[PDB]
A.B. asks: 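Following this message is one structure expressed as structure tokens.
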Amino acid sequence: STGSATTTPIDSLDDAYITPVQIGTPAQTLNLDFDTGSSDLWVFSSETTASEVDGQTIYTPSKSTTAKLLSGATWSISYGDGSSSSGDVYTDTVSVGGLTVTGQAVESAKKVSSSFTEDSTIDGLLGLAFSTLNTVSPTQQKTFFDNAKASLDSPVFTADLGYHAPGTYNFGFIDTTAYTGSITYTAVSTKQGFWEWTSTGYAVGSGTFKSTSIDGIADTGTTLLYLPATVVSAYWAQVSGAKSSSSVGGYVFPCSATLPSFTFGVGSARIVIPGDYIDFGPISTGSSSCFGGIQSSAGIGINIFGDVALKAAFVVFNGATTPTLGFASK
Ligand SMILES: OCc1ccc(CN[C@H]2[C@H](O)[C@@H](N3CCOCC3)[C@@H]3OC[C@H]2O3)o1
């Protein structure tokens, strides 16, 4: 089997991407944030505290003839931005772009934090990291991909995120028309449950390539590119007037600036992030100070190849017995 679904930026800055997902019988279509950095599938629901729902589409398990309450199961997730969600669990039929899984754990939210409430465009998350990170208790549950894996033509999915444009998630096949040149594959460690790999280095603009190992995760659920302080300093040094601001919470730069590209290494291959991918616009409405899309990972503990990096590539999440990651230019 295979599946193919279009993924769309939620706003003009590509702050996140949503992908339509069919849940239940008859189908209830929710727009979910496909997140290769986590392993829960959770949704806004009929059970979510009413004051915490503001515009989102909800899953109503009582209206699904295939929904079954998973007895005694609960879930709770905290995210690094201080946001959070929690609730109970159903199993139900879930389909993505024509690919169907029966008995998928669908984690129904009873509570969500204010950041989720304030964002009407995201109806929940679909995790695509390794199932060891799933938060369901007392019995951990499997990801959509893990459930679909055996049935797929090939045990893979690909992420093809657009810059200010739609893109695609494919399951079970590699679309060889979606990239240029070759796909370079690189080793993955699953020891922390992530798609964790090691970049071979970086360049800033037309600068010299720096060979240096950068261990990080391929994370579609993170907006920006988070890299070591040394690297990030080297990047913003090439932007006149750029400064790290404590009050704003990272590097900002004059909106009139022309941003240099950023290149990262995948083995001997090179992925080039165009400079305008690194512009996330005025820090507040009407400001001439803009927020940078490359930020320091120092306060995180791990480097994160978020959408800013991934959208510059065609990315293969290879879930073979020994998983690997593939990157191609496009
Ligand atoms: O956009 C919608 C949304 C909500 C939750 C997630 C999934 N990724 C999250 C990521 O894990 C968190 N990291 C990012 C890097 O700095 C440390 C904290 C951060 O906090 C929420 C979001 O970014 O996406």
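In this chain, residues are counted from 1 in sequence order. Every heavy atom of this structure was used, including side-chain atoms; hydrogens, water molecules and symmetry mates were not.
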A.B. asks: Of all heavy-atom pairs between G326 and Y185, which one has the smallest distance, and what is that distance?
C.D. replies: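 Answer, listing the atom of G326 first, then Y185: CA-CD2, 3.8 Å.
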A.B. asks: Is there a side-chain contact between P61 and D92 (heavy atoms, below 4.5 Å)?
C.D. replies: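 No, side chains not in contact.
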A.B. asks: Would you say the side-chain atoms of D40 and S38 include a donor-acceptor pair closer than 3.5 Å?
C.D. replies: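 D40 vs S38: no donor-acceptor pair found between side chains.
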A.B. asks: Check the hydrophobic clustering (I, L, V, M, F, W, Y; side-chain heavy atoms under 4.5 Å; chains of links allowed) and say if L325 and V308 are grouped together.
C.D. replies: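 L325 clusters together with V308.
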A.B. asks: Apply side chain to side chain contact (heavy atoms under 4.5 Å, CB included) to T186 and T198, showing your working.
C.D. replies: CA-CA 8 Å; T186 194; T198 299; over 6 Å; no
A.B. asks: Using every non-hydrogen atom in the two residues, find where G221 and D35 come nearest and quote the distance to one decimal.
C.D. replies: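 For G221 and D35, the tightest heavy-atom pair comes out as CA-OD1, 3.3 Å.
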A.B. asks: Go through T143 and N134 one step at a time and tell me if the side chain to side chain contact (heavy atoms under 4.5 Å, CB included) criterion holds.
C.D. replies: CA-CA 8 Å; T143 69; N134 180 264; 5.9 Å; no
A.B. asks: Look up atom OG in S245 and atom CZ in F291, then write down how far apart they are to the nearest 0.5 Å.
C.D. replies: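 Spacing of OG (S245) from CZ (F291) equals 9.0 Å.
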A.B. asks: Between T49 (side chain only) and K110 (backbone N and O only), is there a donor and an acceptor less than 3.5 Å apart?
C.D. replies: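 At least one qualifying donor-acceptor pair exists.
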A.B. asks: Hey, is the main chain of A109 close enough, under 3.5 Å, to the side chain of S45 for a donor-acceptor pair?
C.D. replies: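 Judged by distance alone, yes, a pair lies under 3.5 Å.
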A.B. asks: Measure the spacing between OG of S131 and CZ of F144 and express it to the nearest 0.5 Å.
C.D. replies: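 Separation between the atoms: 12.5 Å.
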A.B. asks: From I77 CD1 over to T135 OG1, what is the distance, rounded to the nearest 0.5 angstrom?
C.D. replies: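 These two atoms lie 4.5 Å from each other.
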A.B. asks: Hey, quick one: are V96 and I174 part of the same hydrophobic cluster, counting side-chain heavy atoms closer than 4.5 Å, chains of contacts allowed?
C.D. replies: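 No; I174 is not reachable from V96 via cluster members.
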A.B. asks: Check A178 against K330 and note the closest heavy-atom contact, atom names and distance.
C.D. replies: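 Heavy atoms only, the tightest pair is O-CB, 3.6 Å.
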A.B. asks: Indicate if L70 and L41 have the same hydrophobic cluster label, given that clusters are the connected sets of ILVMFWY residues with side-chain heavy-atom separations under 4.5 angstrom.
C.D. replies: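 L70 and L41: separate clusters.
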A.B. asks: Just say parallel, tilted or perpendicular for the rings of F171 and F34, cut-offs at 30° and 60°.
C.D. replies: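 The arrangement is perpendicular - the two ring planes meet at more than 60°.
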A.B. asks: Determine the interplanar angle of the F314 and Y179 rings, folded into 0 to 90°, and report it as parallel if under 30°, tilted if 30 to 60°, perpendicular if over 60°.
C.D. replies: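 Geometry flag for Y179 against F314: tilted rings.
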A.B. asks: Same cluster or not: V272 versus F209, using hydrophobic residues (I, L, V, M, F, W, Y) connected whenever any side-chain heavy atoms lie under 4.5 Å apart?
C.D. replies: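 No, it is not one cluster - the side chains of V272 and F209 are not joined through contacts under 4.5 Å.
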A.B. asks: Where is the tightest heavy-atom contact between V266 and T200, given as atom of each residue plus distance?
C.D. replies: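 Of all heavy-atom pairs spanning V266 and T200, the closest is N-OG1, 3.7 Å.
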A.B. asks: Would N147 and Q104 count as having a side-chain donor-acceptor pair, cut-off 3.5 Å?
C.D. replies: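 Looking only at side-chain atoms, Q104 and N147 do form a donor-acceptor pair, the distance falling under 3.5 Å.
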A.B. asks: Could you tell me whether the side chain of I294 reaches within less than 4.5 Å of the side chain of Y251, counting heavy atoms only?
C.D. replies: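 When only atoms from C-beta onward are counted, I294 and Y251 do not touch, as no gap falls below 4.5 Å.
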A.B. asks: Quick one: does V232's side chain get under 4.5 Å of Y226's, heavy atoms only?
C.D. replies: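 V232 vs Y226: side chains apart.
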A.B. asks: Any side-chain heavy atom of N170 within less than 4.5 Å of one from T2?
C.D. replies: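 No. Closest side-chain heavy atoms not under 4.5 Å.
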A.B. asks: Step by step, would you call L152 with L99 a side chain to side chain contact (heavy atoms under 4.5 Å, CB included)?
C.D. replies: CA-CA 9 Å; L152 295 175; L99 165 70; 3.9 Å; yes
A.B. asks: Quick one: OG on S83 to CG on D119, what's the gap to the nearest 0.5 Å?
C.D. replies: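 Rounded to the nearest 0.5 Å, the OG-CG separation comes to 10.5 Å.
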A.B. asks: So do the side chains of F145 and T36 get within less than 4.5 Å of each other, counting heavy atoms only?
C.D. replies: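 They are not in side-chain contact.
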A.B. asks: Can a donor-acceptor pair be found, under 3.5 Å and without considering hydrogens, that links the side chain of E196 to the backbone of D215?
C.D. replies: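 No; zero donor-acceptor contacts below 3.5 Å.
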A.B. asks: Could you state the interatomic distance from CH2 (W197) to OG1 (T324), rounded to the nearest 0.5 Å?
C.D. replies: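 Rounded to the nearest 0.5 Å, the CH2-OG1 separation comes out at 12.5 Å.
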A.B. asks: With a 3.5 Å cut-off and no angle check, do the side chains of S64 and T66 form a donor-acceptor pair?
C.D. replies: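 On atom types as modelled, these side chains qualify, holding a pair under 3.5 Å.
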A.B. asks: Would you say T19 and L126 make side-chain contact, with heavy atoms under 4.5 Å?
C.D. replies: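 No; the side chains remain at least 4.5 Å from each other.
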A.B. asks: Would you say the side chain of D307 lies within less than 4.5 Å of the side chain of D14, judging by non-hydrogen atoms?
C.D. replies: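 Side chain of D14 against side chain of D307, heavy atoms only: no contact under 4.5 Å found.
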A.B. asks: Between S297 and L227 (side chain of the first, backbone of the second, donor and acceptor by atom type, cut-off under 3.5 Å), is there such a pair?
C.D. replies: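 Between the backbone of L227 and the side chain of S297 there is a qualifying donor-acceptor contact (under 3.5 Å).
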A.B. asks: Ignoring hydrogens, what is the shortest heavy-atom contact between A328 and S182? Give both atom names and the distance.
C.D. replies: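 In this case the closest contact between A328 and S182 is CB-O, 3.5 Å.
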A.B. asks: Distance-only, no hydrogens or angles: does the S199 side chain make a donor-acceptor pair with backbone N or O of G265 under 3.5 Å?
C.D. replies: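 It does hold such a pair.
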A.B. asks: Testing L125, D54, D123, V53 for side-chain contact (heavy atoms from CB on, under 4.5 Å) with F116, which one passes?
C.D. replies: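 Among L125, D54, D123, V53, the one that satisfies the side-chain contact (heavy atoms from CB on, under 4.5 Å) with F116 is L125.
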A.B. asks: Would you say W42 and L133 are hydrophobically clustered, going by side-chain heavy atoms of ILVMFWY under 4.5 Å?
C.D. replies: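 Different hydrophobic clusters.
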A.B. asks: Judged by modelled atom types alone, do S86 and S76 share a side-chain donor-acceptor pair under 3.5 Å?
C.D. replies: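 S86 vs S76: no donor-acceptor pair found between side chains.
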A.B. asks: Any chance you could lay out the side chain to side chain contact (heavy atoms under 4.5 Å, CB included) test for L69 and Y90, step after step, and finish with the verdict?
C.D. replies: CA-CA 4 Å; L69 185 66; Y90 293 81; 3.6 Å; yes
A.B. asks: What is the distance from atom CD1 of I278 to atom CG of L225, rounded to the nearest 0.5 Å?
C.D. replies: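 The distance works out to 7.5 Å.
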A.B. asks: Relative to each other, are the rings of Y163 and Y277 parallel, tilted or perpendicular (30° and 60° limits)?
C.D. replies: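 Rings of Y163 and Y277: parallel, under 30°.
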A.B. asks: Can any side-chain N or O of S154 pair as donor or acceptor with the backbone N or O of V156 at less than 3.5 Å?
C.D. replies: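 Between the backbone of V156 and the side chain of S154 there is no qualifying donor-acceptor contact (under 3.5 Å).
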A.B. asks: Side-chain donor-acceptor pair under 3.5 Å between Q22 and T29, yes or no?
C.D. replies: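 There is such a pair (donor and acceptor under 3.5 Å, judged by atom type) between the side chains of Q22 and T29.
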A.B. asks: Identify the residue among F317, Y169, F173 that makes a ring pair (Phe, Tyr, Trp, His ring centres under 6.0 Å) with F157.
C.D. replies: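 Among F317, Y169, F173, the one meeting ring pair (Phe, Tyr, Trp, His ring centres under 6.0 Å) with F157 is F317.
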A.B. asks: Between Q56 and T117 (side chain of the first, backbone of the second, donor and acceptor by atom type, cut-off under 3.5 Å), is there such a pair?
C.D. replies: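 Side chain of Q56 to backbone of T117: a pair is present.
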A.B. asks: Does the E107 side chain pair with the main chain of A105, one donor and one acceptor, at a distance under 3.5 Å?
C.D. replies: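 No: the side chain of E107 does not pair with the backbone of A105.
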A.B. asks: Is the closest side-chain heavy-atom distance between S4 and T168 below 4.5 Å?
C.D. replies: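 Yes - at least one pair of side-chain heavy atoms lies under 4.5 Å apart.
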A.B. asks: Counting the benzene-type ring for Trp, do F264 and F305 have ring centres under 6.0 Å apart?
C.D. replies: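 Centroid distance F264-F305: below 6.0 Å, so yes.
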A.B. asks: Heavy atoms only: give me the nearest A129-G37 pair and the separation to one decimal.
C.D. replies: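 What the structure gives for the nearest pair is CB-C, 4.0 Å.
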A.B. asks: Ignoring hydrogens and geometry, is there a side-chain-to-backbone donor-acceptor pair from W75 to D88 under 3.5 Å?
C.D. replies: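 Pair found, side chain donor or acceptor close to backbone of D88.
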A.B. asks: Any idea how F130 and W195 line up, ring-wise: parallel (<30°), tilted (30 to 60°), or perpendicular (>60°)?
C.D. replies: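 Answer is tilted, since the angle falls between 30° and 60°.
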